[PDB]
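For reference, the structure is listed below as structure tokens.
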Amino acid sequence: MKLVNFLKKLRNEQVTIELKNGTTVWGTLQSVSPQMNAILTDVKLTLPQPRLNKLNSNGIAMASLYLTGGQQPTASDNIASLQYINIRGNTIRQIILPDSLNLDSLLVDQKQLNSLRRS
Amino acid sequence: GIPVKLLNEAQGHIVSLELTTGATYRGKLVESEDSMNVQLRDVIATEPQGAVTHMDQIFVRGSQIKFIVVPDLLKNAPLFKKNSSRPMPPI
Amino acid sequence: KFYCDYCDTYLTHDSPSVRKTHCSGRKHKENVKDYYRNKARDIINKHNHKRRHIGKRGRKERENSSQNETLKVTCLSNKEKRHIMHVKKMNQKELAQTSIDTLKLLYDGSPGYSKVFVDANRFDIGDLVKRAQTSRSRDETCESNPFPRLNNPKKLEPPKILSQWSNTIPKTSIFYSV
Amino acid sequence: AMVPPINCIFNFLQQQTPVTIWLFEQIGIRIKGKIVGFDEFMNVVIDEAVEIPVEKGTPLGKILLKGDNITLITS
Amino acid sequence: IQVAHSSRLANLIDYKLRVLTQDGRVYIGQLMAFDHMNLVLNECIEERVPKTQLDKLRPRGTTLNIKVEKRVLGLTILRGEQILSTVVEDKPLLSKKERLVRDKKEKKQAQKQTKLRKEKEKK
Amino acid sequence: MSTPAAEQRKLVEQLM
Amino acid sequence: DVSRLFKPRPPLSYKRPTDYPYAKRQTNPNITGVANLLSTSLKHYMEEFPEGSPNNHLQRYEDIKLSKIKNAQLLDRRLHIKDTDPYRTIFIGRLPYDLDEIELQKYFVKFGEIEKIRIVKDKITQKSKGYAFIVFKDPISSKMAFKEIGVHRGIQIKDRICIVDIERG
Amino acid sequence: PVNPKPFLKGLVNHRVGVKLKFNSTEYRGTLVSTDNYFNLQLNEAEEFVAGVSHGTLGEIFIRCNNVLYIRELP
Amino acid sequence: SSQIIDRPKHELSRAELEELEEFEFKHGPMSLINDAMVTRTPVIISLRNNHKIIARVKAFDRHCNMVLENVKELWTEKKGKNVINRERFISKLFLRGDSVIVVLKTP
Amino acid sequence: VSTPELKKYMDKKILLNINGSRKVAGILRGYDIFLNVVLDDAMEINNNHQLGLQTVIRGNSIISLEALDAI
RNA sequence: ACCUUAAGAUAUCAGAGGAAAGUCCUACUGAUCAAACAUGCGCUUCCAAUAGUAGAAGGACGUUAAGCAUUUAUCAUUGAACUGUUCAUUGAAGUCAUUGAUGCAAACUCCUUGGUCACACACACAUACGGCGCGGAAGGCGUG
RNA sequence: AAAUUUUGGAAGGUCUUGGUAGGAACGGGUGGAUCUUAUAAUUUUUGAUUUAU
């Protein structure tokens with residue numbers, strides 16, 4: 001049982017990947033490498049403002065978000081619309097799946113079922 | 001992997017490499033191994049806050065290297081070409 | 001299985017000194033020298049020029065340039081241009097390899113000469129020189145050759161001039177030197 | 001001659017020489033005691049372990065110190 | 001620039017990438033090899049936002065102008081442990097048809113040279 | 001033989 | 001010209017770092033405990049989702065496991081060919097499915113006398129399951145015929161290969 | 001000369017206190033089982049973020065990478 | 001028994017490998033998460049970045065990365081005296097296994 | 001797998017910076033494939049207090065291992 | 001003189017057949033997927049004055065420039081005056097810079113890049129605008 | 001259905017667009033990609049860079 005195999009089954013669905021920095025990537029999800037190296041295409045990066053006056057924010061995250069090169073100069077919040085950002089596997093913290101998909105048909109590990117039948 | 005073989009080909013020439021602590025090092029590259037361990041000779045170090053010193057040798061663990069800058073001429077290396085001919089290795 | 005890409009010899013799988021033995025021999029030490037001579041020779045020889053976008057000249061731009069004159073074009077034969085290109089390439093190589101070392105010959109009898117100019121007893125890069133010429137030892141003292149001018153040294157070499165402009169030189173020197 | 005670090009830790013275990021283990025920083029503590037046994041991954045069990053901040057710490061008893069935190073093992 | 005939806009890191013060879021690191025530094029150079037995903041960049045110039053101008057990116061003239069200190073460094077191999085994410089910025093110098101043409105050219109030349117090498121080394 | 005952990009086993013096991 | 005071509009780039013300029021020092025790098029410390037949540041927020045969560053969604057993908061897993069635990073005891077569940085001892089009687093195996101008892105008796109009589117023949121067929125349908133019991137008038141002759149039919153790439157079955165051996169009863 | 005693997009085998013159903021490396025958070029409870037990576041499952045464990053006890057915890061699975069040391073309580 | 005368990009993972013056979021994986025998931029530290037999925041009781045997972053999630057596990061894995069639904073992210077952001085309690089509800093969530101610290105099963 | 005090339009640093013004084021701040025100088029005695037190092041007669045350079053007669057350093061926390069000798 | 005090797009696999013499910021239970025195979029058959037190659041879409045974006053001396057995109061590791069505004073240049077010991085301040089002495093380290101660094105802004109000069117294509121010098125348009133010349137670049141989608 | 005249409009195939013016409021020196025079959029102690037397992041245990045991907053108390 002490897003959940004990377006389940007994650008490979010989405011392949012064309014809208015996800016919301018939240019990296020470890022804090023920045024959350026929203027966009028259509030293409031193939032996922034066996035190391036969880038996601039490749040999203042029509043992405044909209046954003047950075048959550050902590051809503052607290054004195055707690056400012058992550059700074060390295062702002063630097064990375066701006067240096068991606070897609071930040072809107074007139075944008076009030078830190079969003080950067082760009083195409084095809086390739087995300088390294090180890091940086092993902094949690095992936096918010098869409099609400100609409102069915103889990104019962106995708107979570108069935110075909111390889112584990114084959115092994116169980118063979119045994 | 002290609003980059004490890006390139007760093008191997010870069011032996012004997014002055015390379016500049018920056019560690020993850022912030023420091024920078026440049027000098028003759030004596031030996032490198034498959035795990036990115038390098039041995040610089042006559043290195044000129046820049047500690048993170050800007051001070052610059054000099055040592056005869058250094059052996060930096062590869063797990064700390066951020067990037068390694070080799071001479072530009074190595075772009076024409078034979079192992080960067082994609083379509084290659086092999087001598088049909090013997091039995 | 002890893003083979004050298006210069007020697008093209010297929011080498012039985014190694015990772016230790018076996019790769020430090022192959023790369024330190026002679027069939028992989030000068031055969032990697034000939035390779036990068038050729039690749040760098042190409043980037044010197046490249047003559048391809050930028051793509052040419054020719055715009056339709058207008059009447060105001062054409063009339064003035066047509067008024068002035070036609071200009072003759074100098075042209076050489078095939079053998080002559082072959083010889084000229086060979087000469088120019090040789091001249092470029094010779095000038096590029098030239099290094100000026102007048103300051104090294106000028107201080108030949110300095111009191112601390114052996115510690116700086118010898119380049120084998122220096123303190124920065126001497127660690128490399130320190131199986132394979134009457135080298136100058138560091139233990140030299142200024143008592144040796146107390147008077148340099150006792151016929152030991154020779155006159156400074158006259159300055160070089162361009163040969164293609166060798167008729168430019170004044171015909172006669174001012175003073176009569178024997 | 002050359003002695004590997006595994007052999008050095010084995011000598012510590014055999015001669016019961018007290019060791020002071022440097023846990024790496026942002027933890028700010030040291031462990032002092034005797035090595036009773038070690039592992040592959042520098043996991044060590046310690047008898048009469050003494051907790052010392054970086055000297056008013058409290059004894060801990062017998063502990064198993066995970067090797068991913070150890071930085072030095074000095075006597 | 002638009003890039004094909006089914007385009008892994010193998011298709012982006014000689015594309016001019018935008019590689020981002022953990023410490024807020026970006027690298028802008030042509031990708032020429034990979035592996036642990038540690039790239040080789042040709043002319044990548046490293047950019048960073050100084051701590052003195054970081055405060056201008058925080059939410060609030062209308063258009064921000066950030067002076068980014070950049071260093072020039074050539075033919076540098078990165079390490080995959082530090083890489084955070086990669087973006088594409090520009091297409092290669094050569095068009096797709098010309099790329100296929102030069103690939104066919106080099107394949108023909110290599111096959112002929114290999115045949116001649118075998119013919120010489122046997123006899 | 002995989003990660004150096006196996007090699008270190010084939011040293012520590014003999015050491016004990 | 002030895003190293004006149006590998007001229008390195010000028011030394012890299014210095015820029016003041018914008019990250020945290022290697023000594024100050026850490027993840028989040030002072031991670032607060034988990035016990036406080038259990039008292040207050042857990043009650044609200046349980047009150048507002050009484051029951052969880054059914055676990056449906058385990059249904060197929062346990063269903064195929066049921067097949068495994070269902071096949072075995074059912075095959076084990078069980079208890080014309082009750083002739084004399086097989087010392088002089090001969091047996092055949094892997095015969096045709098559409099074969100008959102008279103054809104099997106004739107084939108066995110081709111290389112040995114037959115005293116009693118009764119082919120046992122599957123109870124599901126009246127088709128010869130491939131087993132034929134032939135009583136021979138000579139145990140040595142029956143053994144020799146079985147050896148010949150086993151060494152000669154199997155006896156000639158109509159739509160299979162019929163190897164012969166001892167009855168093993 | 002006991003090794004850590006036999007030690008953790010011997011600590012099964014023994015009152016142990018494992019402390020994480022983050023905030024001196026210490027969990028005290030009986031050890032139910034262990035994995036080859038020293039993943040620990042504690043039963044009826046009590047949480048000590050500091051010397052003060054916060055409460056009682058039902059059953060906690062503790063990740064392998066966080067434990068600083070596993071010690072046997074009297 | 002002891003020999004196969006202590007036996008280095010590069011010399012056991014394939015069948016004994018997945019048998020070992022199943023035994024680890026059934027009789028081991030992850031038996032807690034397996035039970036929590038099977039009887040459908042909520043778990044309170046404390047992440048590395050000071051985030052506590054209350055959810056029901058639907059599939060877990062060797063690296064302890066699980067798929068959760070009915071997630072309810074609870075976390076606090078503070079500076080000095082001031083504190084604010086923020087909560088977020090997520091319908092279906094994938095969670096990577098390198099972040100988790102302690103996984104508490106509801107009584 | 002592959003033993004690091006430190007066969008020339010044997011019994012020669014070296015100075016290696018533990019983690020990012022500490023710097024320890026001593027006489028190298030041995031090494032392992034993880035780049036664990038055992039160095040005798042250590043001294044924590046900062047006045048500077050000696051560590052002990054025999055210390056081992058986990059190779060995870062080593063960054064650079066420059067040598068203060070002829071090499 | 002040192003070196004002679006991790007092992008497996010090469011779309012996937014479902015259906016028919018052959019060598020009780022798997023097991024393998026089928027120039028077998030469906031459905032899905034992926035790759036290549038052809039081939040199309042009133043598909044979408046982009047392709048530089050000469051009726052002129054221009055302009056667009058990206059640079060400069062370019063000048064004005066010591067620009068205009070701020071801000072920085074050690075620690076310990078001892079003696080002396082002093083109401084913390086000043087002068088000298090011993091020891092310890094010490095990236096260069098102060099014409100620097102940092103903040104702001106403008107002019108100028110110059111490099112690379114491009115269909116500098118063809119027909120036109122035109123009164124259009126609410127369903128808002130014949131997207132009804134030939135190519136090229138890049139993607140989206142469909143068929144074989 | 002022999003009158004009409006749609007679907008499939010053969011032949012011919014017209015217009016266009018691409019190719020033009022290799023291709024098929026068999027084979028192995030043949031190279032390289034991808035995938036699975038050793039492998040979540042210090043040298044890259046199963047967390048010490050949201051600066052924290």
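FYI, nothing fancy with the structure tokens labels: chains A, B, ... in order, residues from 1 per chain, ligands from 1 as they appear.
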
Counting only C-alpha atoms, which residues of chain J fall within 10 Å of chain B, and what is the closest atom pair for each with its distance in Å at one decimal, ordered by chain and rising number, as JSON lines?
```
{"residue": "J:2", "atom": "CA", "partner": "B:33", "partner_atom": "CA", "distance": 8.3}
{"residue": "J:3", "atom": "CA", "partner": "B:33", "partner_atom": "CA", "distance": 9.4}
{"residue": "J:4", "atom": "CA", "partner": "B:33", "partner_atom": "CA", "distance": 7.7}
{"residue": "J:5", "atom": "CA", "partner": "B:31", "partner_atom": "CA", "distance": 8.3}
{"residue": "J:6", "atom": "CA", "partner": "B:59", "partner_atom": "CA", "distance": 8.7}
{"residue": "J:14", "atom": "CA", "partner": "B:58", "partner_atom": "CA", "distance": 9.6}
{"residue": "J:15", "atom": "CA", "partner": "B:58", "partner_atom": "CA", "distance": 9.7}
{"residue": "J:16", "atom": "CA", "partner": "B:59", "partner_atom": "CA", "distance": 9.3}
{"residue": "J:19", "atom": "CA", "partner": "B:21", "partner_atom": "CA", "distance": 9.2}
{"residue": "J:20", "atom": "CA", "partner": "B:21", "partner_atom": "CA", "distance": 6.6}
{"residue": "J:21", "atom": "CA", "partner": "B:21", "partner_atom": "CA", "distance": 9.8}
{"residue": "J:35", "atom": "CA", "partner": "B:61", "partner_atom": "CA", "distance": 8.2}
{"residue": "J:59", "atom": "CA", "partner": "B:61", "partner_atom": "CA", "distance": 8.6}
{"residue": "J:60", "atom": "CA", "partner": "B:63", "partner_atom": "CA", "distance": 8.5}
{"residue": "J:61", "atom": "CA", "partner": "B:61", "partner_atom": "CA", "distance": 9.5}
{"residue": "J:62", "atom": "CA", "partner": "B:61", "partner_atom": "CA", "distance": 7.1}
{"residue": "J:63", "atom": "CA", "partner": "B:60", "partner_atom": "CA", "distance": 5.6}
{"residue": "J:64", "atom": "CA", "partner": "B:60", "partner_atom": "CA", "distance": 4.2}
{"residue": "J:65", "atom": "CA", "partner": "B:59", "partner_atom": "CA", "distance": 5.0}
{"residue": "J:66", "atom": "CA", "partner": "B:58", "partner_atom": "CA", "distance": 3.9}
{"residue": "J:67", "atom": "CA", "partner": "B:57", "partner_atom": "CA", "distance": 6.3}
{"residue": "J:68", "atom": "CA", "partner": "B:56", "partner_atom": "CA", "distance": 7.9}
{"residue": "J:69", "atom": "CA", "partner": "B:56", "partner_atom": "CA", "distance": 8.4}
{"residue": "J:70", "atom": "CA", "partner": "B:56", "partner_atom": "CA", "distance": 8.2}
{"residue": "J:71", "atom": "CA", "partner": "B:57", "partner_atom": "CA", "distance": 8.0}
```

Using only C-alpha atoms (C1' of nucleotides), find which residues of chain L lie within 6 Å of chain I and jot them down as a VMD selection string.
chain L and resid 38 40 46 to 47

Test item: residues at most 8 Å from residue 50 of chain K, only C-alpha atoms (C1' of nucleotides), excluding those fewer than 5 positions along its chain, as an MDAnalysis selection string:
chainID C and resid 56:58

Could the residues in this selection be written to a file with C-alpha atoms, as a short mmCIF file (atom, residue, chain, number, x, y, z; two decimals), in the first residue's frame?
```cif
data_model
loop_
_atom_site.label_atom_id
_atom_site.label_comp_id
_atom_site.auth_asym_id
_atom_site.auth_seq_id
_atom_site.Cartn_x
_atom_site.Cartn_y
_atom_site.Cartn_z
CA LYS C 56 12.88 48.18 -48.32
CA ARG C 57 14.80 51.44 -48.60
CA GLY C 58 12.72 54.53 -49.23
#
```

Could you pull out the alpha helix (DSSP H) residues of chain B from DSSP and send them as a ChimeraX atom specification?
/B:2-9

Keeping only N, CA, C and O atoms, write the selected residues to a file as an mmCIF file, in the first residue's frame.
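Output (out.cif):
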```
data_model
loop_
_atom_site.group_PDB
_atom_site.id
_atom_site.type_symbol
_atom_site.label_atom_id
_atom_site.label_comp_id
_atom_site.auth_asym_id
_atom_site.auth_seq_id
_atom_site.Cartn_x
_atom_site.Cartn_y
_atom_site.Cartn_z
ATOM 1 N N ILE B 2 24.093 12.498 -14.664
ATOM 2 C CA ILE B 2 24.985 13.348 -15.454
ATOM 3 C C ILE B 2 25.727 14.365 -14.598
ATOM 4 O O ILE B 2 26.951 14.506 -14.771
ATOM 5 N N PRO B 3 25.083 15.118 -13.689
ATOM 6 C CA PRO B 3 25.832 16.144 -12.941
ATOM 7 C C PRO B 3 26.997 15.606 -12.126
ATOM 8 O O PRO B 3 28.033 16.274 -12.023
ATOM 9 N N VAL B 4 26.857 14.420 -11.530
ATOM 10 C CA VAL B 4 27.974 13.851 -10.783
ATOM 11 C C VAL B 4 29.139 13.547 -11.715
ATOM 12 O O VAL B 4 30.299 13.822 -11.385
ATOM 13 N N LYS B 5 28.857 12.986 -12.890
ATOM 14 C CA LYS B 5 29.918 12.739 -13.858
ATOM 15 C C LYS B 5 30.538 14.038 -14.354
ATOM 16 O O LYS B 5 31.739 14.079 -14.630
ATOM 17 N N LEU B 6 29.747 15.105 -14.470
ATOM 18 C CA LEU B 6 30.307 16.392 -14.869
ATOM 19 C C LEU B 6 31.257 16.931 -13.808
ATOM 20 O O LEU B 6 32.361 17.392 -14.128
ATOM 21 N N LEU B 7 30.845 16.880 -12.542
ATOM 22 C CA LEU B 7 31.740 17.274 -11.460
ATOM 23 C C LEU B 7 33.002 16.423 -11.445
ATOM 24 O O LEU B 7 34.089 16.932 -11.154
ATOM 25 N N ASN B 8 32.878 15.134 -11.763
ATOM 26 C CA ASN B 8 34.052 14.288 -11.939
ATOM 27 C C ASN B 8 34.949 14.779 -13.068
ATOM 28 O O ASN B 8 36.173 14.797 -12.912
ATOM 29 N N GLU B 9 34.365 15.172 -14.201
ATOM 30 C CA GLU B 9 35.159 15.683 -15.314
ATOM 31 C C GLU B 9 35.811 17.018 -14.974
ATOM 32 O O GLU B 9 36.802 17.399 -15.606
#
```

Go through E:74, E:80, E:29, E:92 one by one, measure the shortest atom-to-atom distance of each to chain A using only C-alpha atoms, and give the residue with the smallest value.
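Closest to chain A, using only C-alpha atoms: E:80.
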
Would you list the contacts of residue 7 of chain F as a list in words, taking every protein, DNA or RNA residue within 12 Å and counting only C-alpha atoms (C1' of nucleotides), but skipping same-chain residues closer than 3 positions in sequence?
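That gives residues 40 and 41 of chain D; 1, 2, 3, 4, 10, 11, 12, 13 and 14 of chain F; 8 and 10 of chain I; 1, 2, 3, 32, 33 and 34 of chain J.
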
Interatomic distance (Å, one decimal) between atom CA of residue 63 of chain A and atom CA of residue 16 of chain A:
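These atoms are spaced 20.9 Å apart.
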
Cut-off 12 Å: closest chain I/chain A atom pairs per residue, using only C-alpha atoms, as CSV:
```
residue,atom,partner,partner_atom,distance
I:14,CA,A:115,CA,10.6
I:15,CA,A:119,CA,8.3
I:16,CA,A:119,CA,11.2
I:17,CA,A:115,CA,11.8
I:18,CA,A:115,CA,8.9
I:19,CA,A:119,CA,10.3
I:21,CA,A:1,CA,9.2
I:22,CA,A:1,CA,9.8
I:25,CA,A:1,CA,10.5
I:47,CA,A:93,CA,9.8
I:48,CA,A:93,CA,9.9
I:49,CA,A:20,CA,8.7
I:51,CA,A:93,CA,11.5
I:53,CA,A:94,CA,11.7
I:58,CA,A:103,CA,8.8
I:59,CA,A:107,CA,7.7
I:60,CA,A:3,CA,7.6
I:61,CA,A:2,CA,5.9
I:62,CA,A:2,CA,7.4
I:63,CA,A:2,CA,8.7
I:64,CA,A:3,CA,9.9
I:65,CA,A:3,CA,7.6
I:66,CA,A:3,CA,7.8
I:67,CA,A:3,CA,8.4
I:68,CA,A:96,CA,9.7
I:69,CA,A:99,CA,9.6
I:70,CA,A:99,CA,10.6
I:71,CA,A:96,CA,10.1
I:73,CA,A:94,CA,11.6
I:75,CA,A:50,CA,11.3
I:76,CA,A:50,CA,10.0
I:77,CA,A:50,CA,7.6
I:78,CA,A:55,CA,7.2
I:79,CA,A:55,CA,6.2
I:80,CA,A:54,CA,9.2
I:81,CA,A:54,CA,10.9
I:82,CA,A:54,CA,9.0
I:83,CA,A:52,CA,8.8
I:84,CA,A:52,CA,7.8
I:85,CA,A:52,CA,10.6
I:86,CA,A:51,CA,9.7
I:89,CA,A:96,CA,10.9
I:90,CA,A:96,CA,7.5
I:91,CA,A:99,CA,6.1
I:92,CA,A:97,CA,5.8
I:93,CA,A:96,CA,4.6
I:94,CA,A:95,CA,4.9
I:95,CA,A:94,CA,4.4
I:96,CA,A:94,CA,5.6
I:97,CA,A:93,CA,8.5
I:98,CA,A:93,CA,8.1
I:99,CA,A:93,CA,7.1
I:100,CA,A:93,CA,10.0
```

Tell me, counting only C-alpha atoms, for each residue of chain G within 10 Å of chain E, which pair of atoms is nearest and how far apart they are in Å to one decimal, in rows ordered by chain and increasing number, as JSON lines.
```
{"residue": "G:8", "atom": "CA", "partner": "E:74", "partner_atom": "CA", "distance": 9.5}
{"residue": "G:9", "atom": "CA", "partner": "E:73", "partner_atom": "CA", "distance": 7.5}
{"residue": "G:10", "atom": "CA", "partner": "E:73", "partner_atom": "CA", "distance": 9.0}
{"residue": "G:11", "atom": "CA", "partner": "E:73", "partner_atom": "CA", "distance": 9.3}
{"residue": "G:12", "atom": "CA", "partner": "E:71", "partner_atom": "CA", "distance": 7.2}
{"residue": "G:13", "atom": "CA", "partner": "E:71", "partner_atom": "CA", "distance": 6.9}
{"residue": "G:14", "atom": "CA", "partner": "E:71", "partner_atom": "CA", "distance": 8.8}
{"residue": "G:15", "atom": "CA", "partner": "E:69", "partner_atom": "CA", "distance": 7.7}
{"residue": "G:16", "atom": "CA", "partner": "E:50", "partner_atom": "CA", "distance": 7.8}
{"residue": "G:17", "atom": "CA", "partner": "E:50", "partner_atom": "CA", "distance": 7.9}
{"residue": "G:18", "atom": "CA", "partner": "E:51", "partner_atom": "CA", "distance": 5.8}
{"residue": "G:19", "atom": "CA", "partner": "E:23", "partner_atom": "CA", "distance": 5.9}
{"residue": "G:20", "atom": "CA", "partner": "E:23", "partner_atom": "CA", "distance": 8.5}
```

List the spatial neighbours of segment 142-154 of chain G as JSON, numbers by chain - criterion: any atom at most 6 Å away, only C-alpha atoms (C1' of nucleotides), same-chain residues fewer than 4 positions off excluded.
{"G": [90, 161, 162, 163, 164, 165]}

Report as JSON lines the residues of chain F within 8 Å of chain D, each with its shortest atom pair and distance in Å (one decimal), using only C-alpha atoms, ordered by chain and increasing residue number.
```
{"residue": "F:5", "atom": "CA", "partner": "D:40", "partner_atom": "CA", "distance": 7.1}
{"residue": "F:8", "atom": "CA", "partner": "D:40", "partner_atom": "CA", "distance": 6.3}
{"residue": "F:9", "atom": "CA", "partner": "D:40", "partner_atom": "CA", "distance": 6.1}
{"residue": "F:12", "atom": "CA", "partner": "D:40", "partner_atom": "CA", "distance": 6.5}
{"residue": "F:15", "atom": "CA", "partner": "D:7", "partner_atom": "CA", "distance": 7.8}
```

I need the chosen residues saved as a PDB file, in the first residue's frame, with N, CA, C and O atoms.
```
ATOM      1  N   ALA F   5      24.062   1.301   5.734  1.00  0.00           N
ATOM      2  CA  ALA F   5      23.616   0.687   6.980  1.00  0.00           C
ATOM      3  C   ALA F   5      23.892  -0.810   6.992  1.00  0.00           C
ATOM      4  O   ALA F   5      24.272  -1.367   8.028  1.00  0.00           O
ATOM      5  N   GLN F   8      27.500  -1.271   7.714  1.00  0.00           N
ATOM      6  CA  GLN F   8      27.788  -1.013   9.119  1.00  0.00           C
ATOM      7  C   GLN F   8      27.278  -2.149  10.000  1.00  0.00           C
ATOM      8  O   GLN F   8      27.835  -2.413  11.068  1.00  0.00           O
ATOM      9  N   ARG F   9      26.205  -2.816   9.578  1.00  0.00           N
ATOM     10  CA  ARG F   9      25.753  -4.018  10.268  1.00  0.00           C
ATOM     11  C   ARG F   9      26.824  -5.090  10.173  1.00  0.00           C
ATOM     12  O   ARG F   9      27.180  -5.722  11.172  1.00  0.00           O
ATOM     13  N   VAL F  12      29.406  -3.992  12.855  1.00  0.00           N
ATOM     14  CA  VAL F  12      28.960  -4.011  14.240  1.00  0.00           C
ATOM     15  C   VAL F  12      28.637  -5.412  14.732  1.00  0.00           C
ATOM     16  O   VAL F  12      29.044  -5.778  15.839  1.00  0.00           O
ATOM     17  N   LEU F  15      31.712  -6.983  15.496  1.00  0.00           N
ATOM     18  CA  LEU F  15      32.341  -6.332  16.640  1.00  0.00           C
ATOM     19  C   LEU F  15      31.770  -6.852  17.955  1.00  0.00           C
ATOM     20  O   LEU F  15      32.514  -7.101  18.910  1.00  0.00           O
TER      21      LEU F  15
END
```

Pull out every residue of chain G sitting within 8 Å of chain L, counting only C-alpha atoms (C1' of nucleotides), and send them as a PyMOL selection string.
chain G and resi 19-20+25-30

For segment 139-147 of chain C, please output as JSON, numbers by chain all residues within 12 Å (counting only C-alpha atoms (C1' of nucleotides); exclusion window: fewer than 2 positions along the same chain).
{"C": [108, 109, 110, 111, 112, 113, 114, 115, 118, 121, 135, 136, 137, 149, 150, 151, 152, 153]}

Neighbours of residue 102 of chain I within 7 Å (only C-alpha atoms (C1' of nucleotides); same-chain residues fewer than 5 positions away dropped), as JSON, numbers by chain?
{"H": [60, 61, 62, 63], "I": [45, 46]}

Could you save those same residues with C-alpha atoms as a PDB file, in the first residue's frame?
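again-v5.pdb, freshly written:
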```
ATOM      1  CA  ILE H  60      -0.984   7.890  21.303  1.00  0.00           C
ATOM      2  CA  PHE H  61       1.141   6.807  18.359  1.00  0.00           C
ATOM      3  CA  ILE H  62       4.479   8.632  18.443  1.00  0.00           C
ATOM      4  CA  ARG H  63       6.471   9.182  15.262  1.00  0.00           C
TER       5      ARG H  63
ATOM      6  CA  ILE I  45      -3.122  14.477  14.758  1.00  0.00           C
ATOM      7  CA  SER I  46      -0.594  17.053  15.962  1.00  0.00           C
TER       8      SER I  46
END
```

Distance table requested - chain B against chain C, cut-off 10 Å, only C-alpha atoms: one row per qualifying residue with the closest atom pair and its distance in Å to one decimal, ordered by chain and rising residue number, as JSON lines.
```
{"residue": "B:9", "atom": "CA", "partner": "C:23", "partner_atom": "CA", "distance": 9.6}
{"residue": "B:11", "atom": "CA", "partner": "C:23", "partner_atom": "CA", "distance": 9.8}
{"residue": "B:31", "atom": "CA", "partner": "C:20", "partner_atom": "CA", "distance": 9.1}
{"residue": "B:33", "atom": "CA", "partner": "C:15", "partner_atom": "CA", "distance": 8.6}
{"residue": "B:34", "atom": "CA", "partner": "C:15", "partner_atom": "CA", "distance": 8.3}
{"residue": "B:41", "atom": "CA", "partner": "C:128", "partner_atom": "CA", "distance": 9.6}
{"residue": "B:42", "atom": "CA", "partner": "C:125", "partner_atom": "CA", "distance": 7.8}
{"residue": "B:54", "atom": "CA", "partner": "C:124", "partner_atom": "CA", "distance": 9.7}
{"residue": "B:56", "atom": "CA", "partner": "C:127", "partner_atom": "CA", "distance": 8.2}
{"residue": "B:73", "atom": "CA", "partner": "C:40", "partner_atom": "CA", "distance": 7.9}
{"residue": "B:74", "atom": "CA", "partner": "C:36", "partner_atom": "CA", "distance": 8.8}
{"residue": "B:76", "atom": "CA", "partner": "C:39", "partner_atom": "CA", "distance": 6.9}
{"residue": "B:77", "atom": "CA", "partner": "C:36", "partner_atom": "CA", "distance": 8.4}
{"residue": "B:78", "atom": "CA", "partner": "C:5", "partner_atom": "CA", "distance": 6.2}
{"residue": "B:79", "atom": "CA", "partner": "C:5", "partner_atom": "CA", "distance": 6.8}
{"residue": "B:84", "atom": "CA", "partner": "C:5", "partner_atom": "CA", "distance": 9.5}
{"residue": "B:85", "atom": "CA", "partner": "C:8", "partner_atom": "CA", "distance": 9.4}
{"residue": "B:86", "atom": "CA", "partner": "C:8", "partner_atom": "CA", "distance": 8.0}
{"residue": "B:87", "atom": "CA", "partner": "C:10", "partner_atom": "CA", "distance": 7.3}
{"residue": "B:88", "atom": "CA", "partner": "C:10", "partner_atom": "CA", "distance": 8.7}
{"residue": "B:89", "atom": "CA", "partner": "C:10", "partner_atom": "CA", "distance": 6.5}
{"residue": "B:90", "atom": "CA", "partner": "C:10", "partner_atom": "CA", "distance": 8.6}
```

Would you mind listing, as a ChimeraX atom specification, all residues of chain K that have at least one atom within 12 Å of chain G, where only C-alpha atoms (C1' of nucleotides) are what counts?
/K:18-22,61,95-96,101-102

Quick check, in Å to one decimal: how far apart do atom CA of residue 36 of chain E and atom CA of residue 81 of chain B lie?
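Distance reported for this atom pair: 20.8 Å.
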
One-decimal distance in Å that lies between atom CA of residue 42 of chain A and atom CA of residue 87 of chain A:
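Value for the atom CA of residue 87 of chain A-atom CA of residue 42 of chain A distance: 13.2 Å.
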